[PDB]
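Student: Protein chains in written order, with UniProt numbering: chain C, 2 to 201; chain D, 2 to 123; chain A, 3 to 86; chain U, 2 to 114; chain E, 6 to 97; chain H, 3 to 132.
By construction, the Cβ of each residue, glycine as well, lies at the ideal position given by its N, Cα and C atoms.
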RNA sequence: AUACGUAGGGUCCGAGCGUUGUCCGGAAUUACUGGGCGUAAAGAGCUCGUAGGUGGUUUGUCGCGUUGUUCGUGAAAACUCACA
RNA sequence: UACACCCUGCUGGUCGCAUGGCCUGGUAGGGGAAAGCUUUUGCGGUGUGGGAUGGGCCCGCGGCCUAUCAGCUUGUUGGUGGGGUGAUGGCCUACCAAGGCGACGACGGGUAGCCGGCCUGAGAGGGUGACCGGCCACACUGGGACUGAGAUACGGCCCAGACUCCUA
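(1) Taking the beta strand (DSSP E) that residue 139 (chain C) belongs to, which residues open and close that run?
(2) Is the CB of residue 7 (chain D) under 9 Å away from at least one CB in chain E?
(3) With 16 as the cutoff for other CB atoms within 10 Å, does residue 122 (chain C) come out buried or exposed?
(4) Go ahead and pull the three-state DSSP assignment for residue 71 (chain C).
(5) Would residue 94 (chain H) count as contacting chain E if we go by Cβ distances under 9 Å?
(6) Quick check on residue 4 (chain D) - is its C-beta less than 9 Å from some C-beta in chain E?
(7) Would residue 17 (chain U) and residue 39 (chain U) be called neighbours here (beta carbons separated by less than 9 Å)?
(8) In chain order, what residues of the segment 76–107 of chain H put their CB closer than 9 Å to some CB of chain E?
(9) Return helix, strand or coil for residue 115 (chain C), following the three-state DSSP convention.
(10) DSSP beta-bridge partners for residue 28 (chain H)?
(11) Quick one: give me the first and last residue of the beta strand (DSSP E) that residue 65 (chain D) is part of.
(12) Suppose you measure from the CA of residue 50 (chain C) to the CA of residue 25 (chain C); what does that come to, to the nearest Å?
(13) Roughly how many angstroms lie between the CA atoms of residue 56 (chain E) and residue 39 (chain E), to the nearest whole one?
(14) Classify residue 100 (chain H) as helix, strand or coil using the three-state DSSP reduction.
(15) Just the Cα atoms here: how many angstroms apart are residue 3 (chain D) and residue 85 (chain H)?
(16) Excluding sequence positions up to five away, which residues of its chain have a Cβ less than 8 Å from the Cβ of residue 77 (chain E)?
(17) Among the residues of its own chain, which have a CB less than 7 Å from the CB of residue 95 (chain C), if the five just before and after it don't count?
(18) With respect to the beta strand (DSSP E) encompassing residue 160 (chain C), which residues constitute its N-terminal and C-terminal limits?
(19) Could you tell me the alpha carbon to alpha carbon distance between residue 132 (chain C) and residue 5 (chain C), rounded to whole angstroms?
(20) Evaluate residue 128 (chain C) with the Cβ neighbour count: other Cβ atoms within 10 Å of its Cβ, from every protein chain shown; 16 or more gives buried, anything less gives exposed.
(21) Would you call the segment 54–70 of chain A in contact with the segment 22–30 of chain A, where contact means no fewer than 3 C-beta pairs closer than 8 Å?
(22) By Cβ distance below 6 Å, which residues in the same chain neighbour residue 137 (chain C) in space, the five residues on each side in sequence not counted?
(23) With 16 other CB atoms within 10 Å as the buried threshold, where does residue 12 (chain C) fall?
(24) How far does the beta strand (DSSP E) with residue 120 (chain D) in it reach, from first residue to last?
(25) Hey, could you find the ends of the beta strand (DSSP E) residue 51 (chain H) is sitting in?
(26) So, helix, strand or coil for residue 17 (chain U), using DSSP?
(27) Specify the secondary structure class of residue 12 (chain C) as computed by DSSP and reduced to three states.
(28) Please compile the residues from chain H whose C-beta is within a distance smaller than 7 Å of the C-beta of residue 44 (chain E).
(29) Could you check whether the Cβ of residue 102 (chain U) sits closer than 9 Å to any Cβ belonging to chain C?
(30) Is residue 52 (chain E) close to chain H, meaning its C-beta is less than 9 Å from at least one C-beta of that chain?
(31) Using the C-alpha atoms, what's the distance from residue 37 (chain D) back to residue 70 (chain D)?
(32) Can you check whether the CB of residue 25 (chain E) is closer than 9 Å to the CB of residue 59 (chain E)?
(33) What does the Cβ neighbour count give for residue 91 (chain A), buried or exposed, with the cut at 16 atoms within 10 Å?
(34) Nearest to residue 139 (chain C) by alpha carbon, out of C:148, C:158, C:159, C:166?
(35) Going by CA-CA distance only, name the one from C:90, C:9, C:57, C:36 that's closest to residue 28 (chain C).
Pasting the structure below:
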């Protein structure tokens with residue numbers, strides 16, 4: 002369903018920006034706890050586990066929903082590494098986040114929790130919703146007039162909208178065009194390790 | 002190796018190498034425990050481990066271990082025996098679940114908190 | 003066990019009881035034809051075959067014996083006459 | 002004898018039906034001799050798609066549609082062909098036209114710019 | 006319409022017919038015939054070749070021991086005799 | 003004595019491996035055509051048949067390039083007695099992933115993987131050399 | 001005692017989370033794919049030979065094996081592809 | 001009354017899978033039925049010819065283990081004529097004859113419903129017959145019979161036991 006913990010501790014443990022601008026994680030880059038300073042018994046096991054945990058904790062996705070992502074990626078005709086990154090870049094909250102309309106992944110998580118978004122005319126309170134190409138996207142007025150959402154929409158100096166997403170008016174219409182391409186995603190650390198580990 | 006001789010006979014696996022013998026491959030059975038006398042583990046692992054012999058409902062007489070520190074079971078007890086593997090003891094391949102039919106969970110167990118029948122601390 | 007169909011019980015008893023006498027009579031006629039044929043008399047055999055080809059055909063038209071059993075018996079008795 | 006039947010399919014709340022031809026002594030979901038149509042009360046137009054000439058054959062040899070199956074036949078006008086009393090005509094309604102997959106985004110782009 | 010309506014021919018035949026060798030032409034109106042098979046093994050691939058002792062009816066007694074004959078199957082003509090000797094082409 | 007073609011291939015393997023530049027053989031048409039196609043595709047130098055013990059004999063020259071290196075990579079009868087092997091038009095095996103060549107005694111005669119694939123009949127494959 | 005037990009403190013999972021029971025693979029640990037038998041498991045003490053398998057060079061036939069082809073054919077769901 | 005149909009005697013033509021099949025062959029002899037209610041959308045009855053679908057029988061082939069299970073077999077095999085059956089057929093029965101079955105495993109012991117499938121495995125392979133589907137067997141037990149187009153007739157029956165209940 003949904004996780005509980007914040008992102009700073011996981012950022013420190015996995016040693017990567019999970020908030021994106023976590024002041025406290027770069028304050029304490031070592032893993033949390035009395036022995037984040039203490040050196041770890043290094044293993045490629047740890048490398049792959051850290052990679053998958055970064056992937057899970059970056060987007061707000063959670064483990065059981067993540068495993069079926071790999072499985073369906075492997076079922077896809079293309080190489081599993083490509084398909085997994087494509088589909089993880091194909092989530093409803095991900096689609097609305099990359100448009101710069103949500104300041105956090107948890108922003109979009111709680112937004113789809115509340116029901117502040119609309120795809121093709123149908124309201125989907127389900128973050129696990131899949132948004133296809135050429136989908137019509139809109140934002141409801143009750144959230145539109147809300148003050149922090151007004152800040153998010155009007156101060157949208159956040160990360161730029163990728164070429165496969167297009168906010169095309171004041172209605173926050175994200176007229177999606179194509180799939181998230183490998184040459185266009187600009188993804189964090191790759192996922193070939195996940196494919197090789199899960200395939201065994 | 003003489004393909005025709007294969008047609009004559011051959012190609013069987015070696016041996017099942019069975020593990021569980023309570024009955025029915027039961028995820029657990031229940032029965033009456035007795036002979037709860039403590040015996041000795043292996044010499045390098047010098048200690049003493051509390052065990053018992055349980056006649057399960059499966060009509061077989063097996064040897065079960067009593068995990069944890071404290072025990073609640075005594076003679077004529079409805080103990081639930083599960084399969085186990087104790088290399089520390091000779092011929093002991095069973096345990097009794099704590100926080101279950103008869104044996105109360107191990108007192109104040111907190112590192113496991115699911116095993117040893119230690120319920121949630123309020 | 004009794005359920006709203008003892009009427010079927012009585013109906014079937016009646017239906018299987020009439021056929022008892024019907025079959026006894028037809029079998030007695032057939033055995034009589036047998037003594038006619040074995041005795042070597044052809045006129046009596048011809049008349050008994052005629053009568054039985056009437057009788058068993060009637061019984062087959064009625065609900066006593068399947069159509070083809072009657073044809074089988076008719077042919078058998080007809081040949082028994084034809085050769086005596 | 003022989004009857005043309007409606008058999009149930011789909012998940013719980015939304016019913017669907019296949020128009021089959023089968024013996025009465027079977028169950029609702031036995032071996033269909035031939036699937037000759039399909040119908041769904043759940044969908045808007047109760048849309049029906051029927052193999053026509055096979056139904057014509059089976060009516061000829063003496064297939065006896067079930068009461069709602071016969072109703073569906075009339076809803077098609079198929080019963081107006083084997084019986085042919087007024088002649089066969091399109092009697093069933095249809096799903097509304099509805100836009101396409103591409104024209105939706107075409108209109109969205111036109112509205113946007 | 007006509008009082009009599011006709012029927013069909015139900016194209017019929019192809020009763021199993023095979024070449025065998027008469028081997029036990031011993032009992033009255035009775036022969037025993039054998040057949041050959043050559044079948045790839047399901048698992049290994051060693052094509053095994055086996056036989057079968059069918060019992061055939063010879064109303065004429067034409068056959069004899071070790072004759073290359075042909076047989077078509079019939080209706081069951083007795084308890085284990087279901088073959089008709091036709092198209093005889095070798096004796097001895 | 004049970005298998006002549008396996009002994010054919012075994013002699014080719016030993017003679018080429020033991021650096022001999024020639025090998026002599028009784029001339030049964032089978033091995034004759036085997037070595038014929040062998041030189042056809044060029045894993046050997048040249049074969050010539052002459053007269054010998056009551057039959058005839060085929061003498062095979064193995065193709066060696068700038069050094070004592072054999073164009074033959076190896077030989078192995080597959081459809082051996084007791085394990086005779088048949089194949090069809092579709093699943094025609096590709097030798098060395100397709101690099102090498104094979105022998106497939108088609109109903110239309112003798113063909114390799116590529117030839118039978120271009121044509122499409124099967125029934126009996128034999129050794130392959132790469 | 002970082003292995004026990006206890007605390008933090010960390011890993012991970014989450015209305016789940018672990019334990020027991022069973023099956024497959026990993027096992028090539030039945031080796032058809034894909035094993036071996038001097039010293040590690042494995043050539044009977046040695047002969048012949050029934051059954052069986054098994055085959056020299058070459059001529060013609062048959063096309064059973066074998067392959068090529070057309071069609072009937074293999075319910076639906078199966079499972080997958082594609083659409084809703 | 002039927003001849004549309006069946007049985008027999010003869011016989012013409014025709015296709016053959018040998019028994020035989022087709023011409024409602026013909027011929028001649030013989031034989032074989034039925035229904036009322038109801039006005040009421042009318043429902044209904046008999047016989048035959050055909051459809052349709054449901055079936056019944058036989059066969060090719062596929063799919064447990066175990067000689068510390070190698071002989072088994074007399075209604076078993078074949079024929080004959082009959083009884084019987086919807087039809088064939090030791091199905092049964094009188095006679096005749098002695099065959100027939102197996103190391104390509106009979107006959108025995110144990111074991112098990114089976115398949116579309118499902119799951120593992122890269123594949124082969126392996127394990128299962130949950131549920132959803134396809135058939136079969138079975139409905140206190142064991143014997144027997146019935147009817148109907150159709151019966152191991154689960155909520156049909158009788159008989160021999162068990163068990164239980166009521167009991168003058």
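Tutor: Answer, in terms of the structure:
(1) Position 138 of the first chain, counted from the start, is the residue given in the question as residue 139 (chain C). Per DSSP, residue 139 (chain C) belongs to the beta strand (DSSP E) from 138–140.
(2) The sequence position of residue 7 (chain D) within the second chain is 6, counting from 1. Cβ-Cβ to chain E under 9 Å: yes for residue 7 (chain D).
(3) The count along the first chain starts at 1 and reaches residue 122 (chain C) at position 121. By the 10 Å Cβ count, residue 122 (chain C) comes out exposed.
(4) Position 70 of the first chain, counted from the first residue, corresponds to residue 71 (chain C). Looking at residue 71 (chain C) - three-state DSSP - the assignment turns out to be helix.
(5) Within the sixth chain, the letter at position 92 stands for residue 94 (chain H). Answer no: the Cβ-Cβ gap between residue 94 (chain H) and chain E never drops below 9 Å.
(6) Residue numbering aside, residue 4 (chain D) sits at position 3 when the second chain is read from its first letter. So, interface residue.
(7) As a working note, residue 17 (chain U) is residue 16 in the fourth chain. As a working note, residue 39 (chain U) is residue 38 in the fourth chain. For residue 17 (chain U) and residue 39 (chain U), yes; Cβs fall inside 9 Å.
(8) Flagged, chain order: 84, 85, 86, 87, 88.
(9) Working through the first chain from its first residue, we reach residue 115 (chain C) at position 114. Here residue 115 (chain C) sits in helix by DSSP.
(10) On the sixth chain, position 26 is the one that residue 28 (chain H) refers to. DSSP output for residue 28 (chain H) lists H:59 as bridge partner(s).
(11) Along the second chain, one-based indexing puts residue 65 (chain D) at 64. Where residue 65 (chain D) is concerned, the enclosing beta strand (DSSP E) stretches over 62–66.
(12) Sequence index remark: in the first chain, residue 50 (chain C) carries index 49 (1-based). Sequence index remark: in the first chain, residue 25 (chain C) carries index 24 (1-based). Straight-line measurement puts the Cα of residue 25 (chain C) at about 23 Å from the Cα of residue 50 (chain C).
(13) Here residue 56 (chain E) refers to the residue found at position 51 of the fifth chain. Here residue 39 (chain E) refers to the residue found at position 34 of the fifth chain. Going from the Cα of residue 56 (chain E) to the Cα of residue 39 (chain E) covers about 6 Å.
(14) In the sixth chain, the residue the question calls residue 100 (chain H) occupies position 98. Note: residue 100 (chain H) maps to helix in three-state DSSP.
(15) Counted from its first residue, the second chain places residue 3 (chain D) at position 2. Counted from its first residue, the sixth chain places residue 85 (chain H) at position 83. Going from the Cα of residue 3 (chain D) to the Cα of residue 85 (chain H) covers about 10 Å.
(16) On the fifth chain, position 72 is the one that residue 77 (chain E) refers to. Once the five neighbours on either side are set aside, the close Cβ partners of residue 77 (chain E) are 20, 21, 22, 88, 89, 91.
(17) Position 94 of the first chain, counted from the start, is the residue given in the question as residue 95 (chain C). 60.
(18) The count along the first chain starts at 1 and reaches residue 160 (chain C) at position 159. Taken as a continuous stretch (DSSP letters only), residue 160 (chain C) belongs to no beta strand (DSSP E), as it is neither H nor E.
(19) Working through the first chain from its first residue, we reach residue 132 (chain C) at position 131. Working through the first chain from its first residue, we reach residue 5 (chain C) at position 4. Their backbone Cα atoms lie some 25 Å apart in a straight line.
(20) Along the first chain, one-based indexing puts residue 128 (chain C) at 127. Residue 128 (chain C) comes out buried.
(21) yes
(22) Start at 1 with the first residue of the first chain, and residue 137 (chain C) comes out as number 136. Closer than 6 Å at Cβ, skipping near neighbours: 121.
(23) Working through the first chain from its first residue, we reach residue 12 (chain C) at position 11. It is buried - the Cβ of residue 12 (chain C) has at least 16 other Cβ atoms within 10 Å.
(24) Counting from 1 along the second chain, the entry for residue 120 (chain D) is found at position 119. Unbroken run through residue 120 (chain D): none, as it is neither H nor E.
(25) On the sixth chain, residue 51 (chain H) is found 49 positions in, with the first residue counted as 1. Residues 48–53.
(26) Your numbering for residue 17 (chain U) matches position 16 in the fourth chain. Correct three-state label for residue 17 (chain U): strand.
(27) Taking the first chain and counting its residues from 1, one reaches residue 12 (chain C) at position 11. Looking at residue 12 (chain C) - three-state DSSP - the assignment turns out to be helix.
(28) Here residue 44 (chain E) corresponds to residue number 39 of the fifth chain, with the count starting at 1. None at all; the shortest Cβ gap to chain H is about 13 Å.
(29) Your numbering for residue 102 (chain U) matches position 101 in the fourth chain. So yes, residue 102 (chain U) belongs to the interface.
(30) Locating residue 52 (chain E) in the fifth chain gives position 47, counting from the first residue. So yes, residue 52 (chain E) belongs to the interface.
(31) Position 69 of the second chain, counting from 1, holds the residue named residue 70 (chain D). Position 36 of the second chain, counting from 1, holds the residue named residue 37 (chain D). If you take the alpha carbons of residue 70 (chain D) and residue 37 (chain D), they lie about 14 Å apart.
(32) Sequence index remark: in the fifth chain, residue 59 (chain E) carries index 54 (1-based). Sequence index remark: in the fifth chain, residue 25 (chain E) carries index 20 (1-based). Judged by their CB atoms, residue 59 (chain E) and residue 25 (chain E) are nearer to each other than the 9 Å cut-off.
(33) No answer is possible for residue 91 (chain A): the residues shown for chain A start at 3 and end at 86.
(34) In the first chain, the residue the question calls residue 139 (chain C) occupies position 138. Per the Cα distances, C:166.
(35) In the first chain, residue 28 (chain C) corresponds to position 27, counting from 1. Checked all of C:90, C:9, C:57, C:36; the closest Cα to residue 28 (chain C) is C:9.
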